[PDB]
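Here are two versions of the same chain, shown separately as structure tokens and labelled structure 1 and structure 2.
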Structure 1
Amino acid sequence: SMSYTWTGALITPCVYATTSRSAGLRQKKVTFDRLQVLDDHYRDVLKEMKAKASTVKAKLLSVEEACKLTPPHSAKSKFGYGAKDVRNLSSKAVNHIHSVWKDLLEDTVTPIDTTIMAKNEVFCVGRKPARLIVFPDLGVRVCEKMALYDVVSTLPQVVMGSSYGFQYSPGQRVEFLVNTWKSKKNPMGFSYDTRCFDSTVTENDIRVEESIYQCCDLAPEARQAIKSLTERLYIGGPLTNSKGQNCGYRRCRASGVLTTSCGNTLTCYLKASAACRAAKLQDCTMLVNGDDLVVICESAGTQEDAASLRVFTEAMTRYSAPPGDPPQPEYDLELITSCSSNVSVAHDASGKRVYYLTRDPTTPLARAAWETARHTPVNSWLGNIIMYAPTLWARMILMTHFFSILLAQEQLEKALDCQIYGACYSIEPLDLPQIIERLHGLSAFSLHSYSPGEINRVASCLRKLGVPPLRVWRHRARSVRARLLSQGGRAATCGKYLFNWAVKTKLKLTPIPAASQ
């Protein structure tokens, strides 16, 4: 069936940014008839998964638990309250959510409304159209957590095991990839890019996902709500623009429901697993985060692997998940990008090899540049500093430049909102040494001798963007550093740890103590 049907009603508004002006380009991209044919490989895998699901027990969250787990900056309800009101258990929001939950149990058919908007996201320049998000009202969102919050995390882990990527901290991901890679005699890996994965998700895919939830041991009321949410919301429904006008109907995954991530993870794992069997990949290990898929297996030979991947892709396509980028076999782990990252090697103080996650700095640099400029309530630069703390480009460029700006504006102690790892943290910049040491270990203040590919990518990327060479940054760093040290206190600690790389004569970096008093 068609992933979308449109009524012509415009999708109205809520280095460049995406806007509603390109919504037409995306709609054309995401709108197509899906054809899905399933075979015994798919059925065999689904049965194995259901058997694992059958061992999971999961519980209803009360209205209050679900409110407390509601993120602070969610789009407000059209029923007179917003995310802060939910977090604060205001009577207004509490009363409405109870009415919404009751209606979910008593009505299991009436399509639930959703809003569609185009995202505003910053990119560097072939310009990409804005992403479309589809989401139900805040009240419904909280009820989703009541029914399914205890499901959507626990369940995929049990079903998929080490393949479920969301269980891993950043160092655990690296560890899993490197160990998997080193366990093959002749490793071959490839990422698989599904073309607009959300649009490829069929009604059958979504009823399958529901059938897998129900394999869980649930409360009766939870089964009812999960069935209802599926029928009224998940499988499809009407789309409303920001103006209150209907602009079409959906028959695929909505991007902004609680089950988007769990569901894409299960369905991607299910389809890919079966496709591995169809292709006869040997000693397969998969890693899955939602729609993002990477496979590492035992090489059968250069042309064999190429043929294998083409048969892999044919299976995924039959299963309704056709490739955006045709997949490509790699024989070097560094060259495999999954979840916008790749493993790379450097050396620590004693010259030990340290693997860490890095990525092409283009988008992080562009967004940070954008945030310097227009002073946005969004601080993506700080999140990138944390996520990619060990990297060449985060240490020498982003840290240097932003601690530079923090000093000048004397903002060293103003906490910034930071959305990372699926949560919104209130981050004080002086905490960065302690944060980094926990996430990445001390080696992250001491890494040197980065790979030639990594260095080339960074230096080349800077040139493309008109950013000063790394040499400029090392010089600026030494200045920012001395300023931090001179101020002493927590500022000094930042100079000592975050910038010991810019200095000839290294200070000794010892384990930073937890807070006292």
Structure 2
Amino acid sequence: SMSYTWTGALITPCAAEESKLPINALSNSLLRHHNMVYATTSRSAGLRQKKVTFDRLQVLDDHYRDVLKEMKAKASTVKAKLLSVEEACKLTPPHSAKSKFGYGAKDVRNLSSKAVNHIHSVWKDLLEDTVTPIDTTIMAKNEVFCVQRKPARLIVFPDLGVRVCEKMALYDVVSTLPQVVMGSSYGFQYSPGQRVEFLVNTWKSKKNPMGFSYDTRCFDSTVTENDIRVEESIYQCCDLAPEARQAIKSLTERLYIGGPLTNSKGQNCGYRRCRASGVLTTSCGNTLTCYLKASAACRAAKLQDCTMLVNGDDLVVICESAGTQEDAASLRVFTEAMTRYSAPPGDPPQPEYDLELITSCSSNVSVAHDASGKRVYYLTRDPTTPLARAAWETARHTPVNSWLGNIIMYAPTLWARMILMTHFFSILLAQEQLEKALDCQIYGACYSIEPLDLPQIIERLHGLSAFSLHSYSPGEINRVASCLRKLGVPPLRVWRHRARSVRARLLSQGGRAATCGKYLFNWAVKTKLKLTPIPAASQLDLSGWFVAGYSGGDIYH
């Protein structure tokens, strides 16, 4: 069937949207080429509608069913708990979109009786009714990039009351099942370093390693009614409370499979027969589905000792080469299979023979050296989007603070230590706002984070190594440098200078601020202070930071 059908009503915005980067007194210290940075808006959603709208054919064979049966056997070992209304309420982000039934995110969080009542009545309707399509809102995401212009991405989500019910029903499943079904292929169980560890061990466990990422064209749109029912039959394999079995079947029929789309104004826009981007099971379902399809395809294309790493719609395979000609021909077959399974490619896939060239989850493995001279592997990416967003966040307060997320996930990197950290700690000092907790996203989930805790976080996730890395590779250095010429970011000798000031200012405050100066900015000085383990390190509740994926699933931890 058709992924979408459209009545012709436009995708409308809530507030005014800004596409040109806002500029303040801090901007020029980061970025001169302001017109290179933009925010997508509802206004360009027609371009997106065009490309995500197509017909889907699907042809499922034995490799496909065999693997599905392998997955179900694992899922039948899983036991999920039905969350309480209160518990699901606590998992709602504070900035989550308000209900049309007259209550909001905070009324959910602080547990007001009006919100709890409506939620209960939504649950009860869910238990009694398994057919009635559930209303959803379609919006355009405001995201920020550098010119490469991309149309706004679409977000489709049900009402706040449904979103809470989803959590009651499925939060435990989507946190627990993916790991059991897909084992070490489940990308979201990994921190950055654990991911490098897995990619490196996988790579080097092959005689002659060949790897490739697979870029599906609009994964969401390629997901069919079949796919959604299949993944439901996977959820159903779990040991569940009778009320959870029921809610899951009903949410599958009324919501996950398809449903009407309403704009922010109340007008009807059309109908959806593919994955909704804004539901709880978005991450988990895409993952299970991508894995199911790629595992089968790898069999259909006779790939040798193939190892998969899956994150939502993001897929990378590492296997044994047969030479460039047989490798070239293996992937076309792999891609034909994926195509039959309704997962056609964007850019066709290309074999890589050097791990550092493999881009997956928008990151690559790279190498630098620790204080001992001991070669160390770490994860990095092209910093263009991180820096484009840092620019936006320099001038505008935002619901999610990506600069802080980028420091947590990309601490060992050159561009995150020398730029992100220097620039933003410089800003927090001027506002005296070091002690203030900020919101940031990790694998789709919102975390409230105190900047002063960064050293301990970084030590826990990356080891003291991360405060000592040096002699980065020429490929990494070049990309960072080339990215700065593009954006008009000051050269790295300026940031070193700024960082000496930023560090000394921090040392002066004493306490946590001086711990920040000592560890985050040790790189900046000629004669370095000695970095030992940190007393307060083993105090943070880092449980559930890298358990599962939650993107579009409206989750707060």
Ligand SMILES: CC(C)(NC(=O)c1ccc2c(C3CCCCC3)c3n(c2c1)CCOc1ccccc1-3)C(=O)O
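Residue positions are counted from 1 along structure 1's sequence. C-alpha atoms forming the largest set that superposes within 1.5 Å between two forms make up the rigid core.
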Of these two, which one is the form deposited without the named molecule?
2
The one residue in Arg26, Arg457, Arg490, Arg34 whose CA moves 2 Å or more between the two structures on rigid core superposition is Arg490
Does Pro390 shift between the two structures by 2 angstroms or more at the C-alpha, the core having been superposed?
no
Aligned on the rigid core, do the two forms place the Cα of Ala222 2 Å or more apart, comparing between the two structures?
no
Given a superposition on the rigid core, I'd like a yes or no on whether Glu410 shifts its C-alpha by 2 Å or more between the two structures.
yes
Superpose the two forms on the rigid core, then give the C-alpha shift of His375 between the two structures in Å.
4.1
If I align on the rigid core, how far apart are the two C-alpha positions of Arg476 between the two structures? Answer in Å.
2.3
